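Worksheet: the structure to be examined is printed underneath.
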Amino acid sequence: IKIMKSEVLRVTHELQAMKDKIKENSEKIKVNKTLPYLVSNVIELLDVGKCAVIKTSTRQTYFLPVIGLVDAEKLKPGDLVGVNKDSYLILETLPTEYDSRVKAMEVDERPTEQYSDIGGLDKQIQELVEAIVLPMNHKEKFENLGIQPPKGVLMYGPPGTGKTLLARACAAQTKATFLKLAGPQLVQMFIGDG
Amino acid sequence: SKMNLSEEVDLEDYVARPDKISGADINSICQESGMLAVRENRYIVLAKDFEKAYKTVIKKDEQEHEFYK
Amino acid sequence: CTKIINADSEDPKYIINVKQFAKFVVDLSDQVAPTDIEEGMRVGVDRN
Amino acid sequence: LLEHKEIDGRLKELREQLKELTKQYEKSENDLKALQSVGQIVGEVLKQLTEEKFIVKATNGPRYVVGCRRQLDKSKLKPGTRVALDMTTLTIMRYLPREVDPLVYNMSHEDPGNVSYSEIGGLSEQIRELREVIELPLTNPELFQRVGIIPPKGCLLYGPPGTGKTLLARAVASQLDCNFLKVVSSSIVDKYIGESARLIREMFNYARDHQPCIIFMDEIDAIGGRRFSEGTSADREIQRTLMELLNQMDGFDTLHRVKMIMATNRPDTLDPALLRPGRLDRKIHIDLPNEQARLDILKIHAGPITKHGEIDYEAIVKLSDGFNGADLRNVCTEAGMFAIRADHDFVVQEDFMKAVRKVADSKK
Ligand SMILES: Nc1ncnc2c1ncn2[C@@H]1O[C@H](COP(=O)(O)OP(=O)(O)O)[C@@H](O)[C@H]1O
Ligand SMILES: Nc1ncnc2c1ncn2[C@@H]1O[C@H](COP(=O)(O)OP(=O)(O)O)[C@@H](O)[C@H]1O
C-alpha cells in the first residue's frame with residue numbers, strides 16, 4: 001500500500017509543476033496572440049488534418065497548413081477570421097458580415113400586431129395559425145404520425161385585401177423574423193435573381 | 001476489330017442497308033451490341049442482339065402526321 | 001469603423017476598414033473611451 | 001483493504017480526472033506547433049523551365065521563377081497546378097488541388113440523401129437500363145474491356161415533370177457512393193457573355209479531378225437546343241454553351257470515369273449533335289406510370305405513414321389516373337395531413353380517398 005502512496009506523492013508533484021509549465025505556455029501563447037489581428041475571408045477548407053486557404057483584406061491569397069489557434073470544425077467557407085499580421089495564423093474567428101441585399105432586406109423585427117389589426121379574415125388567420133404555429137408547437141404530435149410538418153403556407157387574393165397584414169400579424173404572434181421579399185422586383189435585376 | 005467474333009453475321013448486308021448513319025452511329029451500334037451481350041450474359045454477339053442494337057440506334061422514329069407526306 | 005463585436009469591456013475589438021489598404025480588428029487607446037466610439041465614424045488608427 | 005477502500009482514497013481523483021490538464025497540455029502543444037507555422041503563399045505553376053526552375057504566378061500578384069522542395073513529386077507539377085509557396089524563400093512548398101468554382105462547390109456539396117433503390121417503383125426496365133449504362137462501367141470495367149466496347153459516356157432520361165428522373169439519378173448516385181454534381185440547366189446561364197460556358201468547363205474540370213463522378217444536368221432542354229442561326233445575342237450565347245458541353249463530353253480530351261445523366265421534359269427540341277451518339281449514347285423514356293407502376297409508387301410511398309386496419313392501393317390506382325409520381329406522394333402527404341384534421345395518430349381508408357380527391361382537384 002506504500003508504493004501507491006509514493007505514486008500519489010509523485011503525481012501531485014507532477015501536477016504542481018506542470019501547472020506552472022502550462023501557465024508559462026499560456027503566457028507564451030498570449031505573447032503571440034497579443035491584440036492587433038488582421039481580418040481575412042476564409043475561401044475554403046482543404047483536407048490534408050484540415051488546411052484552409054484565405055484571402056486577407058490586403059488583397060492577398062494565402063494557404064495555411066494548420067488552422068491557427070482556434071477550433072477548425074465549423075469554419076464556414078466565408079467566415080471572417082482574425083489572422084496574424086505577420087505569420088498569418090488564425091488567432092480567432094469573428095462574427096459574420098452583411099451580405100448586401102439581406103442588410104438591405106429590412107427585418108422590422110417588431111411588427112406590432114395582436115390580431116386586432118386584421119379584421120374580417122377570421123377563418124384565414126385561423127388557417128394560418130393552424131398551418132404555421134400549431135405544427136410549430138405540436139411538432140411532436142406530427143412526428144408521432146410519422147409525417148413532416150408543412151414547410152410553407154400560401155395565400156392568394158385581390159390586391160389590398162390584407163395579405164401582408166396577416167403575414168405581419170403572424171410574425172408578431174410568433175415573434176418570428178420577418179422578411180418582405182418582393183414579387184415584381186425579382187423578375188428584373190438581370191439573370192442572377194435565383 | 002476489338003470486338004468479339006460475330007459468329008458469321010451478315011456484316012456486309014448490314015453495311016449494304018441504305019441508311020444515313022454516321023460513323024458515330026456505327027460505333028453506337030457496336031456499343032449497343034456489347035451492352036445487349038452483357039445484359040443477356042453471353043460474350044459472343046450474334047444476329048439477334050446485333051439486330052436489336054441496330055434497330056435501337058437507327059430507330060429514326062417519325063410518327064409524323066400523314067397529311068405532311 | 002464597423003461592427004463593435006460586442007466589446008462590453010470583454011471584447012474591446014472593432015472591425016475597421018483602412019481605406020484601400022485593408023480591414024483590421026483593433027483595440028482602443030488609453031486616450032479614447034468606448035462611449036465615444038461606435039459603428040460608422042472616422043477612427044484614427046495608428047500605424048503599428 | 002486498510003487503506004485500499006477503492007484506490008487509496010486519493011488516487012481515484014489524481015489518476016485521470018486531475019489528468020484532464022494533461023489533455024489541456026496536449027491542446028497547448030497543438031497551439032505551439034500551430035504557433036511555429038508561418039503560412040504559405042499560394043499560386044499556380046505556369047511552366048517548367050528546367051528540372052528545377054518553375055515559373056509560378058501567385059494569385060492577384062506577381063510571377064516568379066522558383067524551385068521546389070527537395071522531396072516532392074516534380075512529375076505531377078503540371079502547368080496550371082495550384083501550388084503553395086513559402087512566404088520568405090519563395091519555393092514550391094506543397095501542391096494544391098485545383099480551385100473549385102463557388103457555384104460548382106455548392107452544386108457538388110449537396111447531400112443526395114442516400115436514397116435507396118426501393119424508393120422509385122414501377123421503373124424496373126428503365127432503372128435496370130440506366131444501372132447498366134452508368135454503374136456497370138463503374139463496377140466491372142474489365143467486363144466492358146473484354147466484351148470489345150468502350151463504356152458508354154452517358155444517357156438521357158426524358159419524360160413528363162414529376163416522373164422521378166431526378167429521383168432515379170439521385171438514387172443511382174447514392175448506390176454508387178461516388179462524386180455527384182447535381183446541376184439544373186437554366187441556372188448556369190448568366191447575363192455575362194462568357195460565363196455559362198466557363199461554368200460548364202469548371203463543372204467538367206471538377207468531374208475529371210474527382211473521378212469517379214456523375215454529372216446530373218436537369219432541364220438540359222435549356223442549354224441544349226437545336227442550334228439555329230438568326231437568334232438574339234442570348235440565343236447564340238446558349239448555342240455557345242451547348243457547344244462547350246458537347247466538346248466537354250465527346251471532345252479532343254476523352255472523358256474517363258465521368259458518367260453524365262441528363263433529364264428533360266422536351267427531348268424533341270434537343271440539338272441533333274447533342275442527340276447524336278457518343279455524347280448521349282442512350283435515350284430513356286421515363287414515361288407516365290402504368291397501373292402497376294402507379295400501385296408500386298403508392299405502396300413504396302405509403303411506408304412511413306402509419307396505417308390502421310385496412311389500406312388498399314388498387315382503388316386509388318383506378319381512381320387516380322394521370323398522376324405521375326409527385327401527385328401520388330402528394331396524395332400520401334395530404335392523407336397524413338387529413339389524419340390530423342380529425343386528430344388521429346394514424347390514417348384510414350376514407351382518409352386516403354379524400355386526400356386523392358383533393359389532389360385530383362388540384363390537378364385539374
Ligand atoms: N381585413 C382588414 N382589416 C384591416 N386592414 C386591412 C384589411 N385588409 C387590408 N387592410 C389594409 O390593407 C393594407 C394591406 O394590404 P395587403 O393586401 O396586405 O397588401 P398587398 O395586397 O400589396 O399584399 C394594410 O394597410 C391594411 O391595413
Ligand atoms: N417512381 C417514381 N416516379 C415518379 N415520382 C416518384 C417516384 N417515386 C417517388 N416519387 C416522388 O417524386 C418526387 C421526385 O421528383 P423529381 O425526381 O424531381 O421528378 P422529375 O424527375 O420529373 O423532376 C419525389 O419527391 C418522390 O416523392
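Going by the C-alpha cells order, chains are called A, B, ..., each with residues numbered from 1, while ligands are numbered from 1 in the order shown.
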Distance query residue 227 in chain D at most 12 Å, only C-alpha atoms, self and fewer than 5 positions along chain excluded, as a ChimeraX atom specification: /D:221-222,234-243,246,269-275
Go ahead and write the selection's residues with N, CA and C atoms as a PDB file, in the first residue's frame.
```pdb
ATOM      1  N   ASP D 221     -32.833  20.638 -71.671  1.00  0.00           N
ATOM      2  CA  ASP D 221     -33.596  21.310 -72.749  1.00  0.00           C
ATOM      3  C   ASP D 221     -33.282  22.800 -72.744  1.00  0.00           C
ATOM      4  N   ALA D 222     -32.746  23.308 -71.636  1.00  0.00           N
ATOM      5  CA  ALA D 222     -32.456  24.752 -71.529  1.00  0.00           C
ATOM      6  C   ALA D 222     -31.196  25.069 -72.322  1.00  0.00           C
ATOM      7  N   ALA D 234     -28.731  36.333 -76.827  1.00  0.00           N
ATOM      8  CA  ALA D 234     -28.942  35.233 -75.865  1.00  0.00           C
ATOM      9  C   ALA D 234     -29.029  33.919 -76.626  1.00  0.00           C
ATOM     10  N   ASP D 235     -29.777  33.903 -77.715  1.00  0.00           N
ATOM     11  CA  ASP D 235     -29.944  32.603 -78.400  1.00  0.00           C
ATOM     12  C   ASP D 235     -28.549  32.077 -78.704  1.00  0.00           C
ATOM     13  N   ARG D 236     -27.698  32.928 -79.265  1.00  0.00           N
ATOM     14  CA  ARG D 236     -26.338  32.495 -79.656  1.00  0.00           C
ATOM     15  C   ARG D 236     -25.559  32.111 -78.398  1.00  0.00           C
ATOM     16  N   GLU D 237     -25.668  32.902 -77.339  1.00  0.00           N
ATOM     17  CA  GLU D 237     -24.843  32.598 -76.152  1.00  0.00           C
ATOM     18  C   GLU D 237     -25.155  31.176 -75.701  1.00  0.00           C
ATOM     19  N   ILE D 238     -26.425  30.806 -75.724  1.00  0.00           N
ATOM     20  CA  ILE D 238     -26.816  29.442 -75.279  1.00  0.00           C
ATOM     21  C   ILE D 238     -26.217  28.438 -76.274  1.00  0.00           C
ATOM     22  N   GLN D 239     -26.261  28.726 -77.572  1.00  0.00           N
ATOM     23  CA  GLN D 239     -25.612  27.789 -78.515  1.00  0.00           C
ATOM     24  C   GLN D 239     -24.152  27.624 -78.082  1.00  0.00           C
ATOM     25  N   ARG D 240     -23.448  28.723 -77.837  1.00  0.00           N
ATOM     26  CA  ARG D 240     -22.015  28.607 -77.488  1.00  0.00           C
ATOM     27  C   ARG D 240     -21.901  27.675 -76.283  1.00  0.00           C
ATOM     28  N   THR D 241     -22.833  27.776 -75.342  1.00  0.00           N
ATOM     29  CA  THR D 241     -22.740  26.943 -74.134  1.00  0.00           C
ATOM     30  C   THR D 241     -22.923  25.514 -74.543  1.00  0.00           C
ATOM     31  N   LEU D 242     -23.906  25.245 -75.392  1.00  0.00           N
ATOM     32  CA  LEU D 242     -24.178  23.846 -75.788  1.00  0.00           C
ATOM     33  C   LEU D 242     -22.911  23.331 -76.451  1.00  0.00           C
ATOM     34  N   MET D 243     -22.289  24.175 -77.259  1.00  0.00           N
ATOM     35  CA  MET D 243     -21.060  23.757 -77.965  1.00  0.00           C
ATOM     36  C   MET D 243     -19.996  23.380 -76.930  1.00  0.00           C
ATOM     37  N   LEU D 246     -20.919  20.082 -75.473  1.00  0.00           N
ATOM     38  CA  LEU D 246     -20.662  18.988 -76.431  1.00  0.00           C
ATOM     39  C   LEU D 246     -19.168  18.666 -76.400  1.00  0.00           C
ATOM     40  N   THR D 269     -36.789  19.005 -78.819  1.00  0.00           N
ATOM     41  CA  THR D 269     -36.109  20.242 -79.177  1.00  0.00           C
ATOM     42  C   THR D 269     -34.602  20.171 -78.972  1.00  0.00           C
ATOM     43  N   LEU D 270     -34.077  19.042 -78.508  1.00  0.00           N
ATOM     44  CA  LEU D 270     -32.646  18.931 -78.272  1.00  0.00           C
ATOM     45  C   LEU D 270     -31.874  18.928 -79.586  1.00  0.00           C
ATOM     46  N   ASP D 271     -30.646  19.429 -79.523  1.00  0.00           N
ATOM     47  CA  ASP D 271     -29.830  19.556 -80.719  1.00  0.00           C
ATOM     48  C   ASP D 271     -29.452  18.177 -81.256  1.00  0.00           C
ATOM     49  N   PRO D 272     -29.439  17.992 -82.579  1.00  0.00           N
ATOM     50  CA  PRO D 272     -29.020  16.692 -83.127  1.00  0.00           C
ATOM     51  C   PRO D 272     -27.601  16.307 -82.754  1.00  0.00           C
ATOM     52  N   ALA D 273     -26.688  17.276 -82.659  1.00  0.00           N
ATOM     53  CA  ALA D 273     -25.329  16.958 -82.234  1.00  0.00           C
ATOM     54  C   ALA D 273     -25.306  16.468 -80.793  1.00  0.00           C
ATOM     55  N   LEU D 274     -26.063  17.122 -79.910  1.00  0.00           N
ATOM     56  CA  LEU D 274     -26.229  16.587 -78.563  1.00  0.00           C
ATOM     57  C   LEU D 274     -26.926  15.236 -78.606  1.00  0.00           C
ATOM     58  N   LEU D 275     -27.966  15.115 -79.430  1.00  0.00           N
ATOM     59  CA  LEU D 275     -28.709  13.868 -79.528  1.00  0.00           C
ATOM     60  C   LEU D 275     -27.912  12.768 -80.214  1.00  0.00           C
TER      61      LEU D 275
END
```
At most 6 Å is the cut-off: for each residue in chain A with any atom that close to an atom of ligand 1, write down the nearest atom pair and the distance in Å rounded to one decimal, counting only C-alpha atoms and all ligand atoms, chain first then increasing number, as a tab-separated table.
```
residue	atom	partner	partner_atom_place_in_ligand_line	distance
A:117	CA	ligand 1	4 (C)	5.7
A:118	CA	ligand 1	3 (N)	4.2
A:119	CA	ligand 1	1 (N)	4.0
A:120	CA	ligand 1	1 (N)	4.8
A:121	CA	ligand 1	1 (N)	5.8
A:159	CA	ligand 1	21 (O)	3.6
A:160	CA	ligand 1	17 (O)	3.1
A:161	CA	ligand 1	17 (O)	3.8
A:162	CA	ligand 1	9 (C)	3.3
A:163	CA	ligand 1	18 (O)	3.7
A:164	CA	ligand 1	18 (O)	3.3
A:165	CA	ligand 1	18 (O)	4.6
```
Go ahead and save the residues from that selection, with N, CA and C atoms, as an mmCIF file, in the first residue's frame.
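Result saved to part21.cif:
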```
data_model
loop_
_atom_site.group_PDB
_atom_site.id
_atom_site.type_symbol
_atom_site.label_atom_id
_atom_site.label_comp_id
_atom_site.auth_asym_id
_atom_site.auth_seq_id
_atom_site.Cartn_x
_atom_site.Cartn_y
_atom_site.Cartn_z
ATOM 1 N N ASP A 117 -55.582 44.138 -35.395
ATOM 2 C CA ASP A 117 -55.367 44.960 -36.580
ATOM 3 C C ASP A 117 -56.017 44.326 -37.804
ATOM 4 N N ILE A 118 -55.953 42.997 -37.901
ATOM 5 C CA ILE A 118 -56.595 42.307 -39.010
ATOM 6 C C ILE A 118 -58.053 42.043 -38.664
ATOM 7 N N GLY A 119 -58.948 42.401 -39.582
ATOM 8 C CA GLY A 119 -60.367 42.203 -39.362
ATOM 9 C C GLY A 119 -61.099 41.672 -40.576
ATOM 10 N N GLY A 120 -62.017 40.736 -40.359
ATOM 11 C CA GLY A 120 -62.772 40.122 -41.432
ATOM 12 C C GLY A 120 -62.132 38.884 -42.016
ATOM 13 N N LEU A 121 -60.931 38.521 -41.570
ATOM 14 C CA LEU A 121 -60.219 37.354 -42.071
ATOM 15 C C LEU A 121 -60.047 36.293 -40.987
ATOM 16 N N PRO A 159 -55.511 42.458 -54.839
ATOM 17 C CA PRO A 159 -54.557 43.320 -54.131
ATOM 18 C C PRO A 159 -55.250 44.185 -53.089
ATOM 19 N N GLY A 160 -54.546 44.426 -51.986
ATOM 20 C CA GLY A 160 -55.078 45.268 -50.935
ATOM 21 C C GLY A 160 -56.075 44.603 -50.016
ATOM 22 N N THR A 161 -56.148 43.274 -50.016
ATOM 23 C CA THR A 161 -57.106 42.551 -49.189
ATOM 24 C C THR A 161 -56.532 42.132 -47.839
ATOM 25 N N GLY A 162 -55.313 42.550 -47.515
ATOM 26 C CA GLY A 162 -54.724 42.265 -46.224
ATOM 27 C C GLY A 162 -53.762 41.101 -46.174
ATOM 28 N N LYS A 163 -53.235 40.660 -47.317
ATOM 29 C CA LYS A 163 -52.330 39.516 -47.318
ATOM 30 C C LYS A 163 -51.047 39.807 -46.552
ATOM 31 N N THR A 164 -50.485 41.005 -46.710
ATOM 32 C CA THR A 164 -49.287 41.385 -45.971
ATOM 33 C C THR A 164 -49.576 41.624 -44.494
ATOM 34 N N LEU A 165 -50.740 42.200 -44.182
ATOM 35 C CA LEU A 165 -51.090 42.463 -42.792
ATOM 36 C C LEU A 165 -51.181 41.172 -41.993
#
```
Listing only residues of chain D within 6 Å of ligand 2, what is the closest atom pair and its distance in Å (to one decimal) for each, using only C-alpha atoms and all ligand atoms, sorted by chain and residue number ascending, as a Markdown table?
```
| residue | atom | partner | partner_atom_place_in_ligand_line | distance |
| --- | --- | --- | --- | --- |
| D:119 | CA | ligand 2 | 8 (N) | 5.6 |
| D:120 | CA | ligand 2 | 1 (N) | 3.8 |
| D:121 | CA | ligand 2 | 1 (N) | 4.4 |
| D:122 | CA | ligand 2 | 1 (N) | 5.7 |
| D:160 | CA | ligand 2 | 22 (O) | 6.0 |
| D:161 | CA | ligand 2 | 22 (O) | 3.6 |
| D:162 | CA | ligand 2 | 22 (O) | 3.2 |
| D:163 | CA | ligand 2 | 4 (C) | 3.7 |
| D:164 | CA | ligand 2 | 17 (O) | 3.3 |
| D:165 | CA | ligand 2 | 21 (O) | 3.4 |
| D:166 | CA | ligand 2 | 17 (O) | 3.5 |
| D:167 | CA | ligand 2 | 17 (O) | 3.7 |
| D:297 | CA | ligand 2 | 8 (N) | 5.6 |
| D:324 | CA | ligand 2 | 4 (C) | 5.7 |
| D:325 | CA | ligand 2 | 5 (N) | 3.2 |
| D:326 | CA | ligand 2 | 12 (O) | 4.1 |
| D:329 | CA | ligand 2 | 27 (O) | 4.9 |
```
Just write the chosen residues, N, CA, C and O atoms, as a PDB file, in the first residue's frame.
```pdb
ATOM      1  N   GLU D 119     -37.113   3.090 -53.225  1.00  0.00           N
ATOM      2  CA  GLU D 119     -37.990   4.251 -53.275  1.00  0.00           C
ATOM      3  C   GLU D 119     -38.045   4.845 -54.676  1.00  0.00           C
ATOM      4  O   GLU D 119     -37.836   6.048 -54.851  1.00  0.00           O
ATOM      5  N   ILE D 120     -38.322   4.013 -55.678  1.00  0.00           N
ATOM      6  CA  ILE D 120     -38.561   4.509 -57.028  1.00  0.00           C
ATOM      7  C   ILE D 120     -39.858   3.902 -57.547  1.00  0.00           C
ATOM      8  O   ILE D 120     -40.839   4.615 -57.778  1.00  0.00           O
ATOM      9  N   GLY D 121     -39.879   2.582 -57.714  1.00  0.00           N
ATOM     10  CA  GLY D 121     -41.095   1.892 -58.091  1.00  0.00           C
ATOM     11  C   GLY D 121     -41.458   2.013 -59.557  1.00  0.00           C
ATOM     12  O   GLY D 121     -41.291   3.077 -60.160  1.00  0.00           O
ATOM     13  N   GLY D 122     -41.944   0.921 -60.140  1.00  0.00           N
ATOM     14  CA  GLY D 122     -42.534   0.962 -61.471  1.00  0.00           C
ATOM     15  C   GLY D 122     -41.616   1.447 -62.572  1.00  0.00           C
ATOM     16  O   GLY D 122     -42.094   1.899 -63.620  1.00  0.00           O
ATOM     17  N   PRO D 160     -42.385  13.404 -68.668  1.00  0.00           N
ATOM     18  CA  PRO D 160     -43.159  14.487 -68.057  1.00  0.00           C
ATOM     19  C   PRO D 160     -42.597  14.852 -66.697  1.00  0.00           C
ATOM     20  O   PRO D 160     -42.042  13.994 -65.995  1.00  0.00           O
ATOM     21  N   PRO D 161     -42.701  16.119 -66.297  1.00  0.00           N
ATOM     22  CA  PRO D 161     -42.238  16.514 -64.959  1.00  0.00           C
ATOM     23  C   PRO D 161     -42.992  15.749 -63.885  1.00  0.00           C
ATOM     24  O   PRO D 161     -44.190  15.488 -64.010  1.00  0.00           O
ATOM     25  N   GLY D 162     -42.280  15.388 -62.823  1.00  0.00           N
ATOM     26  CA  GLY D 162     -42.840  14.572 -61.766  1.00  0.00           C
ATOM     27  C   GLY D 162     -42.703  13.083 -61.985  1.00  0.00           C
ATOM     28  O   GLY D 162     -43.254  12.307 -61.197  1.00  0.00           O
ATOM     29  N   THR D 163     -41.994  12.655 -63.027  1.00  0.00           N
ATOM     30  CA  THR D 163     -41.810  11.235 -63.292  1.00  0.00           C
ATOM     31  C   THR D 163     -40.582  10.663 -62.594  1.00  0.00           C
ATOM     32  O   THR D 163     -40.282   9.478 -62.769  1.00  0.00           O
ATOM     33  N   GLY D 164     -39.874  11.464 -61.804  1.00  0.00           N
ATOM     34  CA  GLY D 164     -38.826  10.937 -60.955  1.00  0.00           C
ATOM     35  C   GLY D 164     -37.501  10.660 -61.627  1.00  0.00           C
ATOM     36  O   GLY D 164     -36.738   9.821 -61.142  1.00  0.00           O
ATOM     37  N   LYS D 165     -37.203  11.338 -62.737  1.00  0.00           N
ATOM     38  CA  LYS D 165     -35.877  11.219 -63.330  1.00  0.00           C
ATOM     39  C   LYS D 165     -34.811  11.741 -62.373  1.00  0.00           C
ATOM     40  O   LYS D 165     -33.754  11.121 -62.192  1.00  0.00           O
ATOM     41  N   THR D 166     -35.092  12.879 -61.733  1.00  0.00           N
ATOM     42  CA  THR D 166     -34.190  13.409 -60.718  1.00  0.00           C
ATOM     43  C   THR D 166     -34.017  12.414 -59.582  1.00  0.00           C
ATOM     44  O   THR D 166     -32.900  12.174 -59.112  1.00  0.00           O
ATOM     45  N   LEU D 167     -35.120  11.810 -59.137  1.00  0.00           N
ATOM     46  CA  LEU D 167     -35.046  10.796 -58.093  1.00  0.00           C
ATOM     47  C   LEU D 167     -34.214   9.602 -58.526  1.00  0.00           C
ATOM     48  O   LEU D 167     -33.430   9.062 -57.743  1.00  0.00           O
ATOM     49  N   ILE D 297     -45.745   2.873 -56.838  1.00  0.00           N
ATOM     50  CA  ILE D 297     -45.389   4.165 -56.251  1.00  0.00           C
ATOM     51  C   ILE D 297     -46.176   4.394 -54.967  1.00  0.00           C
ATOM     52  O   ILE D 297     -45.617   4.821 -53.949  1.00  0.00           O
ATOM     53  N   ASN D 324     -48.391  11.423 -61.836  1.00  0.00           N
ATOM     54  CA  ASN D 324     -47.108  10.906 -62.293  1.00  0.00           C
ATOM     55  C   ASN D 324     -46.339  10.158 -61.208  1.00  0.00           C
ATOM     56  O   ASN D 324     -46.383   8.927 -61.155  1.00  0.00           O
ATOM     57  N   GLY D 325     -45.647  10.871 -60.327  1.00  0.00           N
ATOM     58  CA  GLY D 325     -45.237  10.302 -59.058  1.00  0.00           C
ATOM     59  C   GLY D 325     -45.400  11.296 -57.934  1.00  0.00           C
ATOM     60  O   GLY D 325     -45.692  10.947 -56.783  1.00  0.00           O
ATOM     61  N   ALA D 326     -45.220  12.567 -58.294  1.00  0.00           N
ATOM     62  CA  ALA D 326     -45.274  13.639 -57.313  1.00  0.00           C
ATOM     63  C   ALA D 326     -46.697  13.809 -56.831  1.00  0.00           C
ATOM     64  O   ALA D 326     -46.939  14.092 -55.657  1.00  0.00           O
ATOM     65  N   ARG D 329     -47.234  10.974 -54.274  1.00  0.00           N
ATOM     66  CA  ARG D 329     -46.618  11.312 -52.995  1.00  0.00           C
ATOM     67  C   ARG D 329     -47.381  12.442 -52.317  1.00  0.00           C
ATOM     68  O   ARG D 329     -47.493  12.483 -51.086  1.00  0.00           O
TER      69      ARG D 329
END
```
If you measure from CA of residue 29 in chain C to CA of residue 11 in chain C, what distance in Å do you get, rounded to one decimal? 13.9 Å
Which residues are close to range 50-63 of chain A, i.e. within 9 Å by only C-alpha atoms, leaving aside same-chain residues fewer than 3 positions away? Reply as an MDAnalysis selection string. (chainID A and resid 38:47 66:67 72 77:78 81 83 88) or (chainID C and resid 17 20:24) or (chainID D and resid 39:43 58:61 84:85)
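When CA of residue 36 in chain B is paired with CA of residue 49 in chain B, their separation reads 6.0 Å.
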Using only C-alpha atoms, find each residue in chain B having at least one atom no more than 7 Å away from chain D; report its shortest atom-to-atom pair and that distance in Å (one decimal), rows by chain then rising number, as a tab-separated table.
```
residue	atom	partner	partner_atom	distance
B:2	CA	D:148	CA	5.2
B:3	CA	D:148	CA	4.0
B:4	CA	D:148	CA	6.1
B:24	CA	D:277	CA	6.0
B:25	CA	D:277	CA	6.2
B:28	CA	D:277	CA	6.0
B:31	CA	D:149	CA	5.5
B:34	CA	D:149	CA	6.1
B:43	CA	D:147	CA	6.1
```
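Between CA of residue 94 in chain D and CA of residue 90 in chain A lies a distance of 19.8 Å.
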Counting only C-alpha atoms, figure out which residue out of B:5, B:44, B:26, B:35 gets nearest to residue 57 in chain B. B:26
Quick one: everything within 8 Å of range 1-9 of chain C, counting only C-alpha atoms, minus sequence neighbours fewer than 2 positions away in the same chain. Send it as number ranges by chain. A: 94-95; C: 11-17, 38-43
Write a file of the just-selected residues containing N, CA and C atoms, as a JSON list (two decimals), in the first residue's frame.
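Result went into part.json, see below:
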```json
[["chain", "number", "residue", "atom", "x", "y", "z"],
["A", 94, "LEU", "N", -14.32, 35.69, -36.08],
["A", 94, "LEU", "CA", -15.20, 36.80, -35.75],
["A", 94, "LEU", "C", -16.63, 36.51, -36.19],
["A", 95, "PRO", "N", -17.60, 37.28, -35.68],
["A", 95, "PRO", "CA", -18.98, 37.16, -36.17],
["A", 95, "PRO", "C", -19.06, 37.43, -37.67],
["C", 11, "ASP", "N", -14.71, 42.21, -24.99],
["C", 11, "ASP", "CA", -14.16, 42.06, -26.33],
["C", 11, "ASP", "C", -13.89, 43.43, -26.95],
["C", 12, "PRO", "N", -13.01, 44.25, -26.37],
["C", 12, "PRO", "CA", -12.84, 45.62, -26.89],
["C", 12, "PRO", "C", -12.17, 45.62, -28.26],
["C", 13, "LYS", "N", -12.86, 45.09, -29.26],
["C", 13, "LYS", "CA", -12.33, 44.96, -30.60],
["C", 13, "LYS", "C", -13.37, 45.46, -31.59],
["C", 14, "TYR", "N", -12.89, 46.04, -32.69],
["C", 14, "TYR", "CA", -13.80, 46.51, -33.73],
["C", 14, "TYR", "C", -13.19, 46.21, -35.09],
["C", 15, "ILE", "N", -14.05, 45.97, -36.07],
["C", 15, "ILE", "CA", -13.64, 45.89, -37.46],
["C", 15, "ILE", "C", -13.51, 47.31, -37.99],
["C", 16, "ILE", "N", -12.33, 47.64, -38.51],
["C", 16, "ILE", "CA", -12.08, 48.95, -39.10],
["C", 16, "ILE", "C", -11.53, 48.74, -40.50],
["C", 17, "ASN", "N", -12.06, 49.49, -41.46],
["C", 17, "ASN", "CA", -11.65, 49.38, -42.86],
["C", 17, "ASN", "C", -10.73, 50.55, -43.17],
["C", 38, "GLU", "N", -18.30, 54.10, -31.70],
["C", 38, "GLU", "CA", -19.36, 53.18, -32.10],
["C", 38, "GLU", "C", -19.10, 52.78, -33.54],
["C", 39, "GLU", "N", -20.13, 52.26, -34.19],
["C", 39, "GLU", "CA", -20.00, 51.93, -35.60],
["C", 39, "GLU", "C", -20.11, 53.19, -36.46],
["C", 40, "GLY", "N", -19.28, 53.25, -37.50],
["C", 40, "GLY", "CA", -19.50, 54.15, -38.62],
["C", 40, "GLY", "C", -18.74, 55.46, -38.64],
["C", 41, "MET", "N", -18.17, 55.93, -37.53],
["C", 41, "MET", "CA", -17.46, 57.19, -37.65],
["C", 41, "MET", "C", -16.00, 56.98, -38.01],
["C", 42, "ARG", "N", -15.33, 58.10, -38.27],
["C", 42, "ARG", "CA", -13.96, 58.13, -38.75],
["C", 42, "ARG", "C", -13.02, 57.91, -37.58],
["C", 43, "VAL", "N", -12.31, 56.79, -37.58],
["C", 43, "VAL", "CA", -11.42, 56.42, -36.49],
["C", 43, "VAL", "C", -9.99, 56.59, -36.95]]
```
Shell of 9 Å around residue 46 in chain B, only C-alpha atoms, local chain residues under 6 positions omitted, as an MDAnalysis selection string: chainID B and resid 5:9 33 37
Can those selected residues be exported to a file as a PDB file, in the first residue's frame so that it contains N, CA and C atoms?
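Everything below was put into selection_38.pdb:
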```
ATOM      1  N   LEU B   5     -15.811 -12.167 -81.790  1.00  0.00           N
ATOM      2  CA  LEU B   5     -16.237 -12.712 -83.070  1.00  0.00           C
ATOM      3  C   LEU B   5     -17.760 -12.738 -83.161  1.00  0.00           C
ATOM      4  N   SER B   6     -18.266 -12.426 -84.354  1.00  0.00           N
ATOM      5  CA  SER B   6     -19.692 -12.245 -84.603  1.00  0.00           C
ATOM      6  C   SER B   6     -20.369 -13.483 -85.185  1.00  0.00           C
ATOM      7  N   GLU B   7     -19.727 -14.648 -85.078  1.00  0.00           N
ATOM      8  CA  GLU B   7     -20.290 -15.982 -85.337  1.00  0.00           C
ATOM      9  C   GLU B   7     -20.884 -16.107 -86.744  1.00  0.00           C
ATOM     10  N   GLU B   8     -20.385 -15.268 -87.657  1.00  0.00           N
ATOM     11  CA  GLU B   8     -20.872 -15.174 -89.042  1.00  0.00           C
ATOM     12  C   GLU B   8     -22.255 -14.518 -89.123  1.00  0.00           C
ATOM     13  N   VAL B   9     -22.303 -13.224 -88.781  1.00  0.00           N
ATOM     14  CA  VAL B   9     -23.476 -12.387 -89.031  1.00  0.00           C
ATOM     15  C   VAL B   9     -23.224 -11.583 -90.301  1.00  0.00           C
ATOM     16  N   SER B  33     -24.564  -3.337 -79.189  1.00  0.00           N
ATOM     17  CA  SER B  33     -24.387  -4.778 -79.291  1.00  0.00           C
ATOM     18  C   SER B  33     -23.658  -5.322 -78.070  1.00  0.00           C
ATOM     19  N   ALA B  37     -25.190  -7.880 -75.240  1.00  0.00           N
ATOM     20  CA  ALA B  37     -24.493  -9.127 -74.949  1.00  0.00           C
ATOM     21  C   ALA B  37     -24.183  -9.249 -73.464  1.00  0.00           C
TER      22      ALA B  37
END
```
